[PDB]
>>> print(open('my_file.cif').read())   # mmCIF, C-alpha atoms
data_entry
#
loop_
_atom_site.label_atom_id
_atom_site.label_comp_id
_atom_site.auth_asym_id
_atom_site.auth_seq_id
_atom_site.Cartn_x
_atom_site.Cartn_y
_atom_site.Cartn_z
CA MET G 1 24.83 -15.44 -6.52
CA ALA G 2 21.25 -15.58 -7.83
CA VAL G 3 20.04 -13.85 -10.98
CA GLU G 4 17.66 -11.18 -9.66
CA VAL G 5 15.36 -8.48 -10.98
CA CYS G 6 13.48 -5.78 -9.05
CA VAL G 7 10.22 -4.64 -10.68
CA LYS G 8 7.22 -2.50 -9.76
CA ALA G 9 4.42 -3.90 -7.57
CA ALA G 10 0.81 -2.79 -7.56
CA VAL G 11 0.26 0.32 -5.41
CA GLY G 12 -0.46 -0.83 -1.86
CA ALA G 13 -0.09 -4.53 -2.81
CA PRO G 14 3.61 -5.54 -2.52
CA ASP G 15 2.94 -9.18 -3.54
CA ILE G 16 1.14 -8.31 -6.80
CA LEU G 17 2.99 -7.61 -10.03
CA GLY G 18 2.46 -4.01 -11.15
CA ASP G 19 2.23 -2.38 -14.54
CA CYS G 20 5.70 -1.29 -15.66
CA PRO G 21 6.20 -2.16 -19.39
CA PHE G 22 9.99 -1.73 -19.06
CA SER G 23 10.00 -4.20 -16.16
CA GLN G 24 7.79 -6.49 -18.26
CA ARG G 25 10.29 -6.40 -21.13
CA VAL G 26 13.02 -7.66 -18.80
CA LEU G 27 10.79 -10.40 -17.30
CA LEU G 28 9.82 -11.52 -20.82
CA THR G 29 13.51 -11.71 -21.74
CA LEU G 30 14.37 -13.82 -18.67
CA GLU G 31 11.40 -16.14 -19.29
CA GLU G 32 12.15 -16.55 -23.02
CA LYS G 33 15.80 -17.39 -22.33
CA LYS G 34 14.65 -19.93 -19.71
CA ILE G 35 17.07 -18.47 -17.14
CA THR G 36 16.52 -19.31 -13.46
CA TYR G 37 15.89 -16.10 -11.51
CA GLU G 38 14.13 -14.36 -8.62
CA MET G 39 11.74 -11.48 -9.20
CA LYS G 40 11.62 -9.05 -6.27
CA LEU G 41 8.53 -6.83 -6.13
CA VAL G 42 8.70 -3.25 -4.88
CA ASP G 43 5.78 -0.99 -4.05
CA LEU G 44 7.27 2.34 -5.11
CA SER G 45 4.77 4.25 -2.91
CA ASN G 46 6.38 2.59 0.13
CA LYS G 47 9.92 1.58 -0.75
CA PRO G 48 11.56 -0.88 1.70
CA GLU G 49 15.03 -0.40 3.17
CA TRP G 50 16.39 -3.45 1.32
CA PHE G 51 15.36 -1.94 -2.02
CA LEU G 52 16.71 1.54 -1.28
CA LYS G 53 20.06 -0.13 -0.54
CA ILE G 54 20.16 -1.75 -4.01
CA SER G 55 18.59 1.20 -5.90
CA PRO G 56 18.98 4.40 -3.76
CA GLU G 57 17.16 6.51 -6.39
CA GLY G 58 14.18 4.12 -6.53
CA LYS G 59 14.38 3.18 -10.23
CA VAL G 60 12.86 -0.03 -11.60
CA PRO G 61 13.66 -2.33 -13.24
CA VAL G 62 17.09 -3.09 -11.77
CA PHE G 63 18.94 -6.32 -12.55
CA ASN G 64 21.69 -8.45 -11.01
CA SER G 65 23.23 -10.96 -13.42
CA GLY G 66 24.60 -13.00 -10.50
CA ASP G 67 27.76 -10.91 -9.98
CA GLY G 68 26.43 -8.53 -7.28
CA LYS G 69 26.34 -5.49 -9.57
CA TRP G 70 22.85 -4.01 -9.85
CA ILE G 71 22.18 -2.22 -13.15
CA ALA G 72 19.28 -0.04 -14.31
CA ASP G 73 17.57 0.75 -17.66
CA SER G 74 15.69 -1.96 -19.56
CA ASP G 75 17.62 -1.17 -22.79
CA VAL G 76 20.87 -1.87 -20.90
CA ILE G 77 19.55 -4.88 -18.98
CA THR G 78 18.18 -6.72 -22.03
CA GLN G 79 21.47 -6.32 -23.94
CA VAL G 80 23.51 -7.40 -20.90
CA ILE G 81 21.29 -10.50 -20.74
CA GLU G 82 21.80 -11.12 -24.48
CA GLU G 83 25.59 -10.85 -24.17
CA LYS G 84 25.76 -13.01 -21.02
CA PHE G 85 23.15 -15.66 -21.99
CA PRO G 86 23.36 -15.72 -25.82
CA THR G 87 21.33 -18.91 -26.36
CA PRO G 88 18.57 -19.00 -27.33
CA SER G 89 19.18 -15.84 -29.36
CA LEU G 90 16.73 -12.93 -29.18
CA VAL G 91 18.83 -10.58 -31.30
CA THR G 92 16.75 -8.31 -33.54
CA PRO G 93 18.68 -7.33 -36.75
CA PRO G 94 19.49 -3.56 -36.65
CA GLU G 95 17.49 -2.75 -39.82
CA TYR G 96 14.33 -3.46 -37.80
CA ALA G 97 15.33 -2.04 -34.41
CA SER G 98 13.23 1.14 -34.73
CA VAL G 99 10.08 -0.61 -35.99
CA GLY G 100 7.15 0.79 -34.01
CA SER G 101 9.30 3.29 -32.08
CA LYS G 102 6.78 6.15 -32.19
CA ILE G 103 3.71 4.10 -31.16
CA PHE G 104 4.08 4.40 -27.41
CA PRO G 105 4.58 8.22 -27.30
CA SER G 106 1.73 8.63 -29.79
CA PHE G 107 -0.49 6.48 -27.58
CA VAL G 108 0.32 8.60 -24.51
CA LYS G 109 -0.36 11.84 -26.41
CA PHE G 110 -3.73 10.56 -27.66
CA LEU G 111 -4.65 9.17 -24.22
CA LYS G 112 -4.14 12.67 -22.76
CA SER G 113 -5.73 14.63 -25.62
CA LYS G 114 -8.89 16.31 -24.34
CA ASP G 115 -9.05 17.95 -27.79
CA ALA G 116 -10.59 15.70 -30.45
CA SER G 117 -9.33 17.72 -33.44
CA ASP G 118 -5.69 18.02 -32.33
CA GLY G 119 -4.41 15.33 -34.72
CA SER G 120 -3.30 12.82 -32.06
CA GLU G 121 -5.68 9.99 -33.08
CA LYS G 122 -4.54 10.23 -36.71
CA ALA G 123 -0.86 10.35 -35.69
CA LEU G 124 -1.24 7.14 -33.70
CA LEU G 125 -3.24 5.52 -36.50
CA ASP G 126 -0.50 6.39 -39.01
CA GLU G 127 2.18 4.72 -36.83
CA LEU G 128 0.00 1.60 -36.47
CA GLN G 129 -0.56 1.62 -40.25
CA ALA G 130 3.22 1.68 -40.72
CA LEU G 131 3.64 -1.26 -38.31
CA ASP G 132 0.88 -3.15 -40.13
CA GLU G 133 2.65 -2.67 -43.48
CA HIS G 134 5.94 -3.85 -41.94
CA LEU G 135 4.38 -6.98 -40.40
CA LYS G 136 2.50 -7.89 -43.56
CA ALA G 137 5.77 -7.93 -45.52
CA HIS G 138 8.28 -9.27 -42.93
CA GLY G 139 6.17 -10.79 -40.14
CA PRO G 140 4.50 -12.30 -38.32
CA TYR G 141 6.88 -10.75 -35.75
CA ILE G 142 9.17 -7.70 -36.16
CA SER G 143 11.95 -9.98 -37.45
CA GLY G 144 9.87 -12.66 -39.20
CA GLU G 145 8.98 -16.13 -37.93
CA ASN G 146 10.54 -15.92 -34.46
CA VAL G 147 10.08 -13.64 -31.48
CA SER G 148 13.04 -11.35 -30.80
CA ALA G 149 14.07 -8.56 -28.40
CA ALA G 150 12.19 -5.85 -30.32
CA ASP G 151 8.91 -7.77 -29.78
CA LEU G 152 9.56 -8.08 -26.03
CA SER G 153 9.95 -4.28 -25.96
CA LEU G 154 7.00 -3.36 -28.17
CA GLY G 155 4.58 -6.02 -26.93
CA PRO G 156 4.13 -4.59 -23.37
CA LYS G 157 3.70 -1.12 -24.93
CA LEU G 158 0.95 -2.34 -27.30
CA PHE G 159 -0.73 -4.10 -24.35
CA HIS G 160 -0.84 -0.81 -22.41
CA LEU G 161 -2.17 0.91 -25.54
CA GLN G 162 -4.95 -1.72 -25.94
CA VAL G 163 -6.15 -1.77 -22.33
CA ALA G 164 -5.82 1.95 -21.54
CA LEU G 165 -7.31 3.33 -24.78
CA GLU G 166 -10.31 0.98 -24.56
CA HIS G 167 -10.94 1.96 -20.93
CA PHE G 168 -10.49 5.75 -21.22
CA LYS G 169 -11.55 6.41 -24.84
CA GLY G 170 -13.44 3.34 -26.04
CA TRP G 171 -10.75 3.26 -28.75
CA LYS G 172 -9.28 0.03 -30.16
CA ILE G 173 -6.59 -0.76 -32.74
CA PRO G 174 -8.85 -1.11 -35.80
CA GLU G 175 -9.44 -4.65 -37.07
CA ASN G 176 -8.58 -3.69 -40.67
CA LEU G 177 -4.94 -3.71 -39.52
CA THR G 178 -4.97 -7.48 -39.73
CA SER G 179 -1.17 -7.91 -39.39
CA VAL G 180 -1.03 -5.84 -36.21
CA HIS G 181 -3.90 -7.97 -34.85
CA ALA G 182 -2.16 -11.25 -35.77
CA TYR G 183 0.96 -9.90 -34.03
CA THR G 184 -0.73 -8.96 -30.73
CA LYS G 185 -2.80 -12.16 -30.81
CA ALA G 186 0.37 -14.23 -31.12
CA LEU G 187 2.56 -12.21 -28.72
CA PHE G 188 -0.02 -11.83 -25.95
CA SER G 189 -0.88 -15.54 -25.90
CA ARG G 190 2.76 -16.60 -25.44
CA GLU G 191 3.31 -18.37 -22.11
CA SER G 192 5.86 -15.71 -21.12
CA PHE G 193 3.40 -12.85 -21.81
CA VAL G 194 0.50 -14.51 -19.97
CA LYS G 195 2.80 -15.01 -16.99
CA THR G 196 4.21 -11.46 -16.89
CA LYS G 197 1.35 -9.20 -17.94
CA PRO G 198 -0.27 -6.98 -15.25
CA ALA G 199 -3.92 -7.38 -14.41
CA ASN G 200 -5.93 -4.86 -16.39
CA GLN G 201 -7.05 -2.91 -13.27
CA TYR G 202 -3.45 -2.41 -12.15
CA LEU G 203 -2.59 -0.99 -15.57
CA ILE G 204 -5.67 1.29 -15.71
CA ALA G 205 -5.01 2.45 -12.14
CA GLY G 206 -1.47 3.47 -13.18
CA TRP G 207 -2.53 5.57 -16.18
CA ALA G 208 -5.58 6.96 -14.38
CA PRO G 209 -3.73 9.76 -12.48
CA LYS G 210 -1.88 10.67 -15.70
CA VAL G 211 -4.97 11.13 -17.90
#
>>> encode(input="my_file.cif", output="C-alpha cells")
Amino acid sequence: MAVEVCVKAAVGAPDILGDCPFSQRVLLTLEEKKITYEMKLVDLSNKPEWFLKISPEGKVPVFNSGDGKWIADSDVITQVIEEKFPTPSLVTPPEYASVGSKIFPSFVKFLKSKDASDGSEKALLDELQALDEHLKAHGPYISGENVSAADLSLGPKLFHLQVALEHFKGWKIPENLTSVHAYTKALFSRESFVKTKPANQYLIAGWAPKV
C-alpha cells in the first residue's frame, strides 16, 4: 500500500494546503527523507466520508506507513517514520530535544494578550534569547551543521510566530538575535519548507478567530 498522510486544508478550499504546523512537521519529515507518498487534504469544516472512516474523531495529521494502520499525533508519526525509514537520519540527540520548547506557547499567550504590561512579550523574548544563545554556540541548526527532527518541529512554529505576530501586533523577532535569524533564514528557504509552508493568508485566517 501507499505511504499516505492526511493534513488540514484551507477552510472552504479542499485543494489548498492549510496551516497546521503539526501537519507541516510530518510533511517536512517525508520530504527530507525523500519518501514517495500521497498527501490527502481535508477541510475540517466539511469533513468527507472517506476521511471520517480513517479518522472518526477528525484529528490531523494522520499517517499510514503503507501497512493500512492509520496513526495520529505528529510526535508519534515522526518517530515511526524515523524507525521505519532510518536513512537519511533526522535523529536529534536527546540533550537538545527540548531546545525552544516554550516558544510556541509563549507566542500564543503574547498573541492573545490585550494587556501590554502582563509580561507576555518579555517572556517570549526571553525564550528567543535562550534559543539565540543555543544556536550561537551549537548551530546553525538545533543539532549543529545538519537539519534534524527538532528543526522540523520548531521551524513551522517559528513561521507561525513570524507571520501572525507581524500581522496582529506589528511585532517581529528582533534582528539583534542574529543566530535565530540565521536559523529561520536557512530553514525557511529549504526546498522542503518552501514546498510545505501555508500561504500567509491561510495562516492569518486560522489564528484570526483565536485572537
>>> resolve_selection(input="my_file.cif", expression="the PyMOL selection byres ((chain G and resi 180-190) around 12)", output="PyMOL selection string")
chain G and resi 28+31-32+100+125+127-148+150-162+172-179+191-198
>>> closest_residue(input="my_file.cif", among="G:8, G:34, G:167, G:109", to="residue 62 of chain G", atoms="all atoms listed in the file")
G:8
>>> closest_residue(input="my_file.cif", among="G:18, G:96, G:87, G:120", to="residue 202 of chain G", atoms="only C-alpha atoms")
G:18
>>> atom_distance(input="my_file.cif", atom1="atom CA of residue 22 of chain G", atom2="atom CA of residue 7 of chain G")
8.9 Å
>>> atom_distance(input="my_file.cif", atom1="atom CA of residue 40 of chain G", atom2="atom CA of residue 83 of chain G")
22.8 Å
>>> residues_around(input="my_file.cif", residues="residue 42 of chain G", least_positions_apart="3", cutoff="8 Å", atoms="all atoms listed in the file", output="PDB file with C-alpha atoms, in the frame of the given file")
ATOM      1  CA  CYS G   6      13.480  -5.780  -9.050  1.00  0.00           C
ATOM      2  CA  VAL G   7      10.220  -4.640 -10.680  1.00  0.00           C
ATOM      3  CA  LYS G   8       7.220  -2.500  -9.760  1.00  0.00           C
ATOM      4  CA  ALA G   9       4.420  -3.900  -7.570  1.00  0.00           C
ATOM      5  CA  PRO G  14       3.610  -5.540  -2.520  1.00  0.00           C
ATOM      6  CA  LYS G  47       9.920   1.580  -0.750  1.00  0.00           C
ATOM      7  CA  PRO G  48      11.560  -0.880   1.700  1.00  0.00           C
ATOM      8  CA  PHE G  51      15.360  -1.940  -2.020  1.00  0.00           C
TER       9      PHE G  51
END
>>> axis_aligned_box(input="my_file.cif", around="segment 44-59 of chain G", padding_each_side="6 Å", output="lines of an AutoDock Vina configuration file")
center_x = 12.5
center_y = 1.5
center_z = -3.5
size_x = 27.4
size_y = 22.0
size_z = 25.4
>>> residues_near_point(input="my_file.cif", point="(5.5, 12.6, -31.0)", cutoff="12 Å", atoms="only C-alpha atoms", output="list in words")
residues 101, 102, 103, 104, 105, 106, 107, 108, 109, 110, 119, 120, 121, 122, 123, 124, 126 and 127 of chain G
>>> closest_residue(input="my_file.cif", among="G:78, G:55, G:113, G:46", to="residue 27 of chain G", atoms="only C-alpha atoms")
G:78
>>> closest_residue(input="my_file.cif", among="G:24, G:29, G:201, G:79", to="residue 10 of chain G", atoms="all atoms listed in the file")
G:201
>>> residues_near_point(input="my_file.cif", point="(-5.6, 0.3, -20.0)", cutoff="6 Å", atoms="only C-alpha atoms", output="PyMOL selection string")
chain G and resi 160+163-165+167+203-204
>>> resolve_selection(input="my_file.cif", expression="the PyMOL selection byres ((chain G and resi 66) around 6)", output="ChimeraX atom specification")
/G:1-3,64-65,67-68
>>> atom_distance(input="my_file.cif", atom1="atom CA of residue 59 of chain G", atom2="atom CA of residue 44 of chain G")
8.8 Å
>>> closest_residue(input="my_file.cif", among="G:211, G:111, G:5, G:76", to="residue 36 of chain G", atoms="only C-alpha atoms")
G:5
>>> closest_residue(input="my_file.cif", among="G:118, G:166, G:38, G:4", to="residue 63 of chain G", atoms="all atoms listed in the file")
G:4
>>> decode(input="my_file.cif", residues="segment 46-59 of chain G", atoms="N, CA, C and O atoms", output="PDB file, in the first residue's frame")
ATOM      1  N   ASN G  46     -15.727  20.704   6.754  1.00  0.00           N
ATOM      2  CA  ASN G  46     -16.654  19.904   5.968  1.00  0.00           C
ATOM      3  C   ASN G  46     -16.060  18.536   5.654  1.00  0.00           C
ATOM      4  O   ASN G  46     -15.775  18.218   4.501  1.00  0.00           O
ATOM      5  N   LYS G  47     -15.889  17.733   6.707  1.00  0.00           N
ATOM      6  CA  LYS G  47     -15.123  16.503   6.614  1.00  0.00           C
ATOM      7  C   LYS G  47     -15.827  15.470   5.735  1.00  0.00           C
ATOM      8  O   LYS G  47     -16.997  15.135   5.953  1.00  0.00           O
ATOM      9  N   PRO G  48     -15.143  14.945   4.697  1.00  0.00           N
ATOM     10  CA  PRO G  48     -15.722  13.919   3.838  1.00  0.00           C
ATOM     11  C   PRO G  48     -15.815  12.566   4.534  1.00  0.00           C
ATOM     12  O   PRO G  48     -15.041  12.268   5.448  1.00  0.00           O
ATOM     13  N   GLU G  49     -16.798  11.774   4.090  1.00  0.00           N
ATOM     14  CA  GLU G  49     -16.970  10.387   4.488  1.00  0.00           C
ATOM     15  C   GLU G  49     -15.666   9.592   4.546  1.00  0.00           C
ATOM     16  O   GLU G  49     -15.401   8.934   5.548  1.00  0.00           O
ATOM     17  N   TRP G  50     -14.867   9.663   3.469  1.00  0.00           N
ATOM     18  CA  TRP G  50     -13.667   8.850   3.337  1.00  0.00           C
ATOM     19  C   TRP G  50     -12.704   9.152   4.477  1.00  0.00           C
ATOM     20  O   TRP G  50     -12.069   8.246   5.012  1.00  0.00           O
ATOM     21  N   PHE G  51     -12.628  10.434   4.862  1.00  0.00           N
ATOM     22  CA  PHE G  51     -11.774  10.855   5.958  1.00  0.00           C
ATOM     23  C   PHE G  51     -12.306  10.415   7.317  1.00  0.00           C
ATOM     24  O   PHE G  51     -11.539   9.989   8.175  1.00  0.00           O
ATOM     25  N   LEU G  52     -13.618  10.541   7.528  1.00  0.00           N
ATOM     26  CA  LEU G  52     -14.200  10.125   8.794  1.00  0.00           C
ATOM     27  C   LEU G  52     -14.003   8.624   9.022  1.00  0.00           C
ATOM     28  O   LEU G  52     -13.933   8.169  10.157  1.00  0.00           O
ATOM     29  N   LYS G  53     -13.929   7.852   7.934  1.00  0.00           N
ATOM     30  CA  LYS G  53     -13.680   6.419   8.027  1.00  0.00           C
ATOM     31  C   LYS G  53     -12.295   6.145   8.619  1.00  0.00           C
ATOM     32  O   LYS G  53     -12.172   5.369   9.566  1.00  0.00           O
ATOM     33  N   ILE G  54     -11.273   6.805   8.045  1.00  0.00           N
ATOM     34  CA  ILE G  54      -9.886   6.736   8.501  1.00  0.00           C
ATOM     35  C   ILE G  54      -9.649   7.300   9.906  1.00  0.00           C
ATOM     36  O   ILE G  54      -8.936   6.700  10.708  1.00  0.00           O
ATOM     37  N   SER G  55     -10.201   8.493  10.168  1.00  0.00           N
ATOM     38  CA  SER G  55     -10.031   9.237  11.414  1.00  0.00           C
ATOM     39  C   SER G  55     -11.440   9.647  11.832  1.00  0.00           C
ATOM     40  O   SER G  55     -11.903  10.729  11.447  1.00  0.00           O
ATOM     41  N   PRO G  56     -12.188   8.758  12.535  1.00  0.00           N
ATOM     42  CA  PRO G  56     -13.533   9.068  13.034  1.00  0.00           C
ATOM     43  C   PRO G  56     -13.644  10.332  13.890  1.00  0.00           C
ATOM     44  O   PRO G  56     -14.614  11.072  13.760  1.00  0.00           O
ATOM     45  N   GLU G  57     -12.637  10.599  14.727  1.00  0.00           N
ATOM     46  CA  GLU G  57     -12.621  11.795  15.563  1.00  0.00           C
ATOM     47  C   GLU G  57     -12.070  13.062  14.892  1.00  0.00           C
ATOM     48  O   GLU G  57     -11.880  14.102  15.535  1.00  0.00           O
ATOM     49  N   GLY G  58     -11.798  12.996  13.581  1.00  0.00           N
ATOM     50  CA  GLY G  58     -11.402  14.187  12.836  1.00  0.00           C
ATOM     51  C   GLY G  58     -10.078  14.859  13.223  1.00  0.00           C
ATOM     52  O   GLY G  58      -9.951  16.076  13.137  1.00  0.00           O
ATOM     53  N   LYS G  59      -9.097  14.064  13.664  1.00  0.00           N
ATOM     54  CA  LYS G  59      -7.782  14.588  14.002  1.00  0.00           C
ATOM     55  C   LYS G  59      -6.925  14.598  12.744  1.00  0.00           C
ATOM     56  O   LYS G  59      -7.046  13.687  11.931  1.00  0.00           O
TER      57      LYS G  59
END
